[PDB]
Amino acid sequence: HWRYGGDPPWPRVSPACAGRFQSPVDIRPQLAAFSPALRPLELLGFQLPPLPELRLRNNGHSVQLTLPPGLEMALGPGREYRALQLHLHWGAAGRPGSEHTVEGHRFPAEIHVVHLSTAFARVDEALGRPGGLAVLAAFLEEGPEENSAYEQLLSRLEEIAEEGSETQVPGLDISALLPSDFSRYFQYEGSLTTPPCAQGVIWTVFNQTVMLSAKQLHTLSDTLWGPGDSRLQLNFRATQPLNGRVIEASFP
């Protein structure tokens, strides 16, 4: 089974991991193309009630929250998706762990909300297909104030410390885990950041970040156990070259 920082080589696990257009990438704001056609993102049905509960799992490469049907998202007019799950990427003590970087800067952590195009019934049908999968990514930065939205997830990590364990958590407002402005973001086409690394994924990276306390960031990157009786840390992929791709910005 694949892992971070070691065999098996990802290209052996999946040929697509050696594709020419992979993710994540380094975003250089000055080189991003202002595209007036990029409208504000629309997310409805993300304010979930206390029940039913949601599955939170330590799968060895991240902590993943399974999302229910009904979380509708649109990248634009007639381009709709539904959220499937969200997970995080982080570093370690004294080391940032976001996947994407901005002007070479790596942030403490990054959250990914994976969506499936309504044109596909299942994920296996969308893999590798243009726009079949769309991921919303936001950077998590260190701040003086503790984040209430993230407290709902971070306080449950200890319950699933051991690799492969899972637990049910109360419903929460998923949209509260995201930045304040849905009209400011970068967008480009790439791939999944972990095997099978299928291409054709539409990546949308919020320009605004969300803040977590130093303590919360410590809890996120030093609680779960990964493969090989070792703390699950630095679970992010190195940035990949744009190789000609042009990143678009929804703002001038």
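Numbering starts at 1 and runs along the sequence shown.
In this entry, the higher average B-factor at the C-alpha atoms falls on 153-161, of the pair 134-142 and 153-161. Across the two stretches, 224-232 and 21-29, the PDB entry reports the greater mean Cα temperature factor for 224-232. The maximum CA B-factor among the listed residues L177, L75, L86, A92, taken from the PDB record, is found at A92. As recorded in the PDB entry, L51 shows the highest C-alpha B-factor of the residues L51, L41, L44, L192.
Among the modelled residues of the chain, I202 sits in the lowest third by CA temperature factor in this PDB entry. The deposited CA B-factor of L65 belongs to the lowest third of values across its chain. Among the modelled residues of the chain, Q187 sits in the lowest third by CA temperature factor in this PDB entry. Among all modelled residues in its chain, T239 ranks in the highest third by Cα B-factor.
Remark: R106 belongs to the middle third of its chain, ranked by C-alpha B-factor as recorded.
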